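# Structure at a glance
Next come the chains, spelled out residue by residue.
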Amino acid sequence: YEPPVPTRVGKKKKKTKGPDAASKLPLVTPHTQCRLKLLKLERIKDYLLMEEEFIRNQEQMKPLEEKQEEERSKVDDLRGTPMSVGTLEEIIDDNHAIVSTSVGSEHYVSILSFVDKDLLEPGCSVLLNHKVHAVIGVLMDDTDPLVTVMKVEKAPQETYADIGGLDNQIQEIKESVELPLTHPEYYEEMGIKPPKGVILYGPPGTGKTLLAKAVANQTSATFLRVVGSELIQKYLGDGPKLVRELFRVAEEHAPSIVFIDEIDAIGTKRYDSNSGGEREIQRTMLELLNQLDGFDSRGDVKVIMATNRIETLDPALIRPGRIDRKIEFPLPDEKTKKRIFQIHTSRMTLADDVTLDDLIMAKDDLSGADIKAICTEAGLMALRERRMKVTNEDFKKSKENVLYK
Amino acid sequence: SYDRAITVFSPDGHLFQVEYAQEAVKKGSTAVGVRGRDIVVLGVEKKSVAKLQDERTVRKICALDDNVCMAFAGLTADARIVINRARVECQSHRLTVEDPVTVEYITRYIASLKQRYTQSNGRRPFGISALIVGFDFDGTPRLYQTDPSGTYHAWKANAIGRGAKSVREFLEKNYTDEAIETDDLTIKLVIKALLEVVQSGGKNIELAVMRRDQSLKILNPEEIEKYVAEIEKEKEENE
Amino acid sequence: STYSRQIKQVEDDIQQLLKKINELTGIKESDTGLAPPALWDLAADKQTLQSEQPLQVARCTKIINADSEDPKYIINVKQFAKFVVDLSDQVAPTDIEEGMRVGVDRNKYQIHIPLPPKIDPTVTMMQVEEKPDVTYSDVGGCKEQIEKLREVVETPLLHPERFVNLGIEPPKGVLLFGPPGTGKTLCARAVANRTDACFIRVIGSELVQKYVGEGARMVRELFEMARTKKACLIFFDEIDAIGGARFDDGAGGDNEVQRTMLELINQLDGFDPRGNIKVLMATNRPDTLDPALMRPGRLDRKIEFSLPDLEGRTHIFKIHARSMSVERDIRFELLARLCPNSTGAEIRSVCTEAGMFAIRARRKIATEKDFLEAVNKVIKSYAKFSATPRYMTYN
Amino acid sequence: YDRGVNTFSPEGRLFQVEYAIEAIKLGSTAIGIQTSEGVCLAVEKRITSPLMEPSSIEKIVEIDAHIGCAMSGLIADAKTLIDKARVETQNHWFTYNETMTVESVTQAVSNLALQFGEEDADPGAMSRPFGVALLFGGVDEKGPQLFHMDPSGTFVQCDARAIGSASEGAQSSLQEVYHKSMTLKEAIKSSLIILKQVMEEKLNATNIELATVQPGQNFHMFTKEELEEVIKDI
Amino acid sequence: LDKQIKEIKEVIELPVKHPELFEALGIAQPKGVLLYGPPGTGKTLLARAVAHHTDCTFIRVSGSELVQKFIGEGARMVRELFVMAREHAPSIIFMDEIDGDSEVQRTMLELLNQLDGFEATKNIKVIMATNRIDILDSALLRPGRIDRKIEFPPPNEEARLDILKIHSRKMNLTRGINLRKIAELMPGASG
Ligand SMILES: Nc1ncnc2c1ncn2[C@@H]1O[C@H](COP(=O)(O)OP(=O)(O)OP(=O)(O)O)[C@@H](O)[C@H]1O
Ligand SMILES: Nc1ncnc2c1ncn2[C@@H]1O[C@H](COP(=O)(O)OP(=O)(O)OP(=O)(O)O)[C@@H](O)[C@H]1O
Ligand SMILES: Nc1ncnc2c1ncn2[C@@H]1O[C@H](COP(=O)(O)OP(=O)(O)O)[C@@H](O)[C@H]1O
Ligand SMILES: [Mg+2]
Ligand SMILES: [Mg+2]
Ligand SMILES: [Mg+2]
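Residues numbered from 1 in each chain as written, not as in the entry; some residues may be left out. Chains lettered and ligands numbered in written order. Part of a larger assembly, values for the part shown. Heavy atoms only, no water.

Judging from the entry metadata, cryo-EM is the method by which this structure was determined, and 2.87 Å is the reported resolution.

Rendered as C-alpha cells:
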C-alpha cells in the first residue's frame, strides 16, 4: 500500500473570495459611448450568441437523465436530507478527507464531485451526508458575532467639517487612510507605498476619536473599531488569539481600516481577570507586532491607533513600518477654541447676551470635549427651565459643572 | 551627597536628559529677540493673562546688568537660578576687569554653567533657553541664544519657545536691512513676529527695548497697543 | 452620445444572454459550497457512494500475536468504543504499526487503510503556501548576514552533495537578532520566497494556549508534521514570546510557557534526532532567551542585524528609492549620513514621506529637498518614539 | 537605567565610551591634513538658519600660538577639553619656559576622557564621557604634527584624518589625495574639495573654517577674503 | 430622591420620549449616567424605576460568567451585549460597582466608546452606579463621557421618614406609630 498523493498544491483554500464567478466578462475600454466600445460590446455579444446556440444543441440531444434541472435534482438525491454539519480535519487526497461530526467522532469520507473543492480548508465547516458522511458541501460560515462587534455598520454622522483647528491633522490622516483609496494613482506615479500605519496621540478630549469618526464617515473601506482595553482577555492566549482574529476579519473585508482606539489602555490598566499579568499583555503585544508588520503578507488594511499616553506604548509597536505617521493632537488655541464653540453652538439658539469670547477663557487647558460638555450641559440647564434659548447664566452654571466640582 | 549620573549617553549617542530639557523649552512662552542697528528688542508672549496676576512678578525679561538683558523660555524656576547666577558673575567680572561685561562673555558663562549641569553628578540639565541681548563697550548690538545643551550662537533675530519654528520662519523672510532701518520698525518686527503665534493680540505681548547707552525699558501696554494699530494700519494699504 | 442608444441595447442583450446562459449552465447556490456544474461527475459520485464505504478513524493500540498467522489489532475508535479487530485482506500486515491511526469500517471494524498522524488544524495552517514577494535583492546592508543565513538554511538543501562528500554536518539553526526594523523578518520572508522545501512560519504568540500543556503539544505536532517532509524550514518569529529564560518567582510565574520552550528545546536537540529540519528564529530581545535555547545544536548560528552602516544605509536608500520618481542628483550618500543610527524601516519611511511631500505639492518628481524634509520628519521629529535607543541595550 | 557609567560590555567595550563615539557621527565634518609645510584644519559650520551669525560658530580654537584644535560632535563638551588645553599650555610655559609639544597637549586632554564615574568620585568629577572628537594640529620640535582624540582617551598621530558625520567618506577621499611630499596650499585646496563634496549646503567662505599652523608662522584662522581666494578655484 | 428623580428623567426619560426637545435645543442626546453615593441609597432603585416607567429594557451587567451563555458564545467583548441591547431598544445598561483595576469601570469605557458615535441605533442609555466619584478613572471623569453625575446622599431626617413610611406599609402596623421619632433614632442610616 502507498499513501494517496494530492494533485492540489497545498492544504489551504483559494485566496480569492466573493468574485464575479463566470460573469467575469472582459473589461471593455474605453467607457466612452463610441463605436469601438460598440464594436467590443458586439464582440462579446457575438460569442455569447454562439455560446447560447452551442449549449442549447448539446442539451437538446442530451439524455433525459442528464439535464440541468435533472442533474440538480440528482445532486439533492446524492446529498440527501438531513445534511449534517461537520468539521474538516485533514484533506487526505483530492477526493478524500478526514471529517469530524459534532459528537467528536472522526470519519474518513469521500469528497463528492459537486463539492466546491477550493473552499475546503482544515477547520472549515463541511456538510456531510447523513448516512455515508461523505463530503457533499461546504457551509458558508455565518458572520461571527465577533465580526459584528468590530464592524461599524453605519458610518458616524461626524464629518471633517465638524472638526475645527485640526487642519494639519486631517491632512496627514487623510493621506494614509483616505487619499490612497480615492486617488491611488498619486502613489503609483510616484512609486511609493502609502504610509503604512498612523497613530493619533495627544491630551484627552483633543479630537483623536473624532477624526477617526470623520474617517469612518467618508471611507469606502470596512471600518473595524476595537478599544485597546478589549484586548485584555480573561484566558491565556485569548488576547493574542483575538488580535489575530481582528486582522483576519480585516483581511476578509479588504480594503479595511482598523481603529485600535485607546491602545495604551492595554498596559496602563491592570485587571485581575487577566490571568497572565504583564506577561500575557506582552504576548498580546507581540501578536500585534506581527499583524502590523510581520511575516504574513498584509492586504489593503490601514491601521489607525489612538492614545493619550504614547510614552507608555512599546516603542517597537509604533516603529516605522508598523506606524509610519505619529500625528499629534494639541490642546486647542484661541482660534481653534472659538471654532469648536461655533461647531457645537451652531444648531443651538443663543441669547443676545451670550458671548463666545468670554467662554474661550473658561480654563487655560481647555479641550474640545470640555467645550462640547459646556454646551450640552448649558442646553440641559435651559431644558430644566423649560427654555429653548440658552442664556449666558446657563453657560456660567455650565462651566461650574463640567470644569469644576 | 547625591552622586549619580543623571545625564548619560544613549546607545545612539544622544544625551536624552538634554533633549528632554529642550522639550521643556518647547512648552514655554515664545520669546522673540531682534538685533537692530542701534536697538535690541526682546518680545515675550504671555501665557493666559490673568486679571488677578501681578504682572510685575512674572516677568520673562530680566536685566543681568545695565547693558545686558535676557529673555528665557522653559521652566520659570530653572531660569531664575540662571539669572541670579549670571547676575552675580556680571558683578564679579566688573569687579576684576573694571569693564562692563560683554554679551559674548555672559552668554558663554551661562552656556558653560548649563553644560556643566549636563555632565555633573546628581544635577539635571537646566530646562531653559536664553535669548541674551545687549550692547558691548563699542556700541555694537549683540544677540545670543543658549539652549540646555550649552551651545551659544549669535543671531540677527531668533525665537525660542513653543512657536519658535513659526516665528523663526517668519523672521528669516522679514529680517532685512530695511526692516531695521529705524527703531520703530525694529520694534514692529518683533510684534509682527509675535503676532504669528499670539492669537489674541497685543494684550499677550511683553516688550522690552534696550538702546545704546541706555538701560532696559519695558514697554507699557498703551505703547504696545499704539504699535499694533500701526501694523494693523499698514496691513490695509498693502492689500 | 450617438451610440448611447445602441450600446444600452446590446448591453442589455448581453446581460439577458448572460442570465440565459446561467439558466442552462447553472451559476447559483454557492452557499452550500456547490461547485460549478462543469466539474460534476454525477455518474462517478453514485458509484463512489456504493463502491466506497465510509471509514471511521481509529487508532491502533496493540497487536496481539503478531508472529502467528492470526494477528489481532486493538483499536480505539475516538469517542465511540474500543474493539479487538483483525486486519483486512486488501492491506499488508506490515503496513499497520502500534500507535498509528487507521481507517475501519462500520460493520466489523476491520482496519481498511492506514492514516496520516493527526495534526492540529492551526499547526497545519502554519506552513507557508504562497511565498512572499520579497527577494534578497530587497535587503540592503546585510551582505554578510545573508551569506551566513543562506549557507545554513538555503545551501544545504539546494546542493546537499557539497557537504556529504566532505563529511560536513551543516548547522541546523539560525537566530536573527537586532533592534526593530533591522530586517529580521524581511530576511526570513526572502528565505521563504527562495526556498524550495516546506516553510512553516510560527509566531511565538501563536504558541501561547489557554490550557495546560497545550502549547507544548503544538510544538510536538509542529515538529511531527515537519518530519513528514524530506527537508523543512521552521521560522520562529518573535521567539521571545515563549523563549524566555526559566525562573522561580515563588508562584508559578511563566511555568506553562517555559514548558512550551522546554518542548521546543527537546525537539531541536534531545534524545531523538531532529531530522532534516533547519529552524530559524527572529527576536528583538535576545537577552531574554533561555541559555538552553541559545545553545549550538538548537541555535547554532547567531546572526546579528545591527543598524546599517553608511554603505548599508545608502544601499537601503537605493532599494526603496528604486521605483520612485526621484530627481537627477539625489545625494543618497548624504541622506544616509543624516541618519547615523537608523533602521532600514526608517529609511523606507523617509523614502515614502519624501514622495509624500511631492504628492502634497502636486509634484510628480521628488526633489532632494523633499528627502531632507522627510529625514527631519522621520529621523528627527519622530526620534521621541524611536525604538532603537532602548533596543540596542537588549541586542 | 540599571547600568552604571563604568560598565563593561560582554565584548569588553565601555558602554558609555562606545555611545560617546556614536555622538561624533552626528557632528559636523572636520578634515585635518599634516604636511611638511604645516598642518591644515577645516570644518563645516553647518548653518541651520540665515539669521544665525556664522562667525559665532567657533569650531576651530586657538589652543596656543603654535597649536589649534578642530572639534566635532558635541561642541558644548569640547569647551571643557579646550579650556584645559589652554591651561595645560601656559602651565608648561610657566614651569619650563617652553611651548608644550602637540603630542603632550593631546596627551593631557586625553587623560580627562575616562575621568568620569558615578560613585567614589570628587564633587567636580564628570558623569559621562566627552561626546566630542578633537583634531589637534600644531608645530613643535618634530615639525608639523596632527593628532586625533576620541571620547575613549585614545590619541594618535595622523597624517590626514577626517572626523565628523562624513568621516568615512572624507577619509577615503583623503587617502586618494594625500601624499607625504605635498605643499600646504595643496592641503588647503584638497581639504576644501573633500568638504564641498560632503557638505549638505553649497560651499562658500561663510559656512567653513580654515586654520593653519605653519612652521615659524603662528596659528592663523582664514578670513573671508582668504577663504574666497581658495574657494574661487574649487 | 425627588431631586434625583427629576435629574435622571431629563437625561433618560426625555431623550427617549421627546427627542425633539434636544434637537430643538441643538444639543446631543445624553447617553451616560453615573449615580454615586453610599451603598443602599437608592441608586439601583432609581435606575430600575426609570427603566420601568420609560418602558426601557433594563439590563444589569455584572460581568458574570454564569450569564455569558445568554450574552453570546463568543464572550470576547462586552460589546457583544449590544446585539441584545439593540433588539430591545429603548434599553438601559446598568452596572453597579461593588468596590487591580475595576472591571465595571472598564466595561463603562467600552460601552461609552461605542455609544459615542459608533452606534447606529439610538435610545440605548448606559448607567453606572459607584460608591465614590474620586476613585473613578480620569477617562470616565473626562467631560463629555458621562453627561450627568447624580449624587445619592444618605437620607436625612425627613428622607428617612419617607423611606420608613414606604417600607412600613408592607407590615401590619398598629395605629399611632411615631415613625418620625424612629427616623430621628437613625442618624446617618441608608435606605
Ligand atoms: N478639534 C475639535 N473640533 C471639534 N470638536 C472637537 C474637537 N476636539 C474635540 N471635539 C469634541 O470633543 C468630543 C470628545 O472628544 P473625542 O472623543 O474626540 O476625544 P479624543 O481626542 O479621542 O480623546 P480621549 O479618547 O483621550 O478622551 C468629540 O465628540 C467632539 O465633538
Ligand atoms: N536591510 C533592509 N533593507 C531593506 N529594507 C529593509 C531592511 N531592513 C528593514 N527594511 C524595511 O523595514 C521594514 C521593517 O520590517 P521587518 O520585518 O524587516 O522588521 P524586523 O527587524 O523584523 O522588526 P521587529 O523586531 O519589530 O519584528 C521591512 O518590511 C522593510 O521594508
Ligand atoms: N431612598 C430609598 N427609598 C426607598 N427604598 C430604598 C431607598 N434606598 C434603598 N431602598 C431599599 O433598599 C433596597 C436596596 O437598595 P439599592 O438600590 O440596592 O441600594 P444602592 O442604591 O446602593 O444600589 C431596595 O430594595 C430598596 O427597597
Ligand atoms: Mg477616544
Ligand atoms: Mg519581525
Ligand atoms: Mg448595592
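Don't stop here, the text continues.
## A closer look at the interface of chain A and chain E
Threshold: Here, two residues are considered to be in contact whenever any of their heavy atoms come within 4.5 Å of each other. Summed over both partners, the accessible area (1.4 Å probe) lost when two parts come together is defined as the buried area. What makes a salt bridge here is a side-chain nitrogen of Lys or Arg within 4 Å of a carboxyl oxygen of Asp or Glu, nothing more. Two N or O atoms form a polar contact when they lie within 3.5 Å of each other; inside protein one atom must be a possible hydrogen donor and the other a possible acceptor, and for residues adjacent in sequence the pair counts only when both atoms belong to side chains. Numbering of helices and strands runs from the N terminus; a helix is a DSSP stretch of H or I covering at least four residues, while a strand is a stretch of E covering at least two.
If you look at the interface, chain A gives 52 residues, while chain E gives 42 residues. The contact between chain A and chain E buries some 4,100 Å² in all, and 54% of this surface belongs to carbon and sulfur atoms. Of all residues in chain A, the largest losses of buried area upon contact with chain E belong to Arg347(A), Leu383(A) and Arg384(A), amounting jointly to 15% of the total for that side. Two residues, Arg384(A) and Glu10(E), come together in a salt bridge whose shortest N-O distance is 2.7 Å. Our count for the chain A to chain E interface comes out at 13 residue pairs in polar contact. Elements represented by at least two residues in the side of chain A that touches chain E include exactly α3 (145–150), α7 (208–217), β7 (222–227), α8 (238–252), β8 (256–261) and α13 (368–384) of chain A. For the side of chain A that touches chain E, the leading source of residues is α13(A), giving twelve residues.

## Points about the sheet that holds strand β9 (residues 301–307) of chain A
Residues and elements named next belong to chain A. The criterion, for reference: Any two strands with at least two DSSP-identified bridges between them are counted as paired. Interaxial angles span 0 to 180 degrees and are taken between N-to-C directions of axes, which are lines fitted to C-alpha atoms, for helices over the stretch in contact.
If you trace the five strands from one edge of the open sheet to the other, you get β7-β8-β9-β6-β10, paired in parallel fashion. The open sheet has two free edges, formed respectively by β7 and β10 (325–328), since each of these has just one partner strand. Strand-to-strand, the axes of this sheet are offset by a mean angle of 20°, without reference to chain direction. Where strand β6 (residues 197–201) meets β10, four bridges bridge the pair, whose relative direction is parallel. Within β10, the residue paired with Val198 across the bridge is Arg325.

## Re the site of ligand 2
Here is the rule: Nearness is judged by heavy atoms alone; a residue qualifies as near a molecule or strand once a single heavy atom is within 4 Å of it. Only the protein chains shown count as covering a residue, and every accessible area follows the Shrake-Rupley method with a 1.4 Å probe. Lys, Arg, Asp and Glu make up the charged group, whereas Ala, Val, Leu, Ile, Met, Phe, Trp, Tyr, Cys and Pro make up the nonpolar group; the residues left over, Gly among them, are polar.
Among the 19 residues in the neighbourhood of ligand 2, the closest are listed as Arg322(A), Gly140(C), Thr185(C), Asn284(C) and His320(C). Near ligand 2, residues from chains A and C are present, making the site a shared one. Here an oxygen atom of ligand 2 sits 2.6 Å away from a polar atom, N or O, in the side chain of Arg322(A). The backbone of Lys184(C) places a nitrogen or oxygen atom 3.0 Å from an oxygen atom of ligand 2. In isolation ligand 2 exposes 630 Å². Once the protein is present, 93% of that is buried. Broken down by secondary-structure element, the contributors of at least two residues to the shell around ligand 2 are α7 (184–194), α10 (310–320) and α12 (344–360) of chain C. Grouping the constituent residues of the shell around ligand 2 by class yields six nonpolar, eight polar and five charged.

## A few points about the site of ligand 1
The local shell around ligand 1 holds 20 residues, among which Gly164(A), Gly207(A), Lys208(A), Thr209(A) and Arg142(E) are the closest. Site remark: ligand 1 is flanked by residues from chains A and E. Between an oxygen atom of ligand 1 and a main-chain N or O atom of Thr209(A), the distance comes to 2.6 Å. Contacts to ligand 1 include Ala369(A), whose backbone N or O atom sits 3.4 Å from an oxygen atom. Relative to its free-state accessible area of 640 Å², ligand 1 is covered by the protein chains to the extent of 96%. Taken together, the residues that form the shell around ligand 1 break down as six nonpolar, eight polar and six charged.

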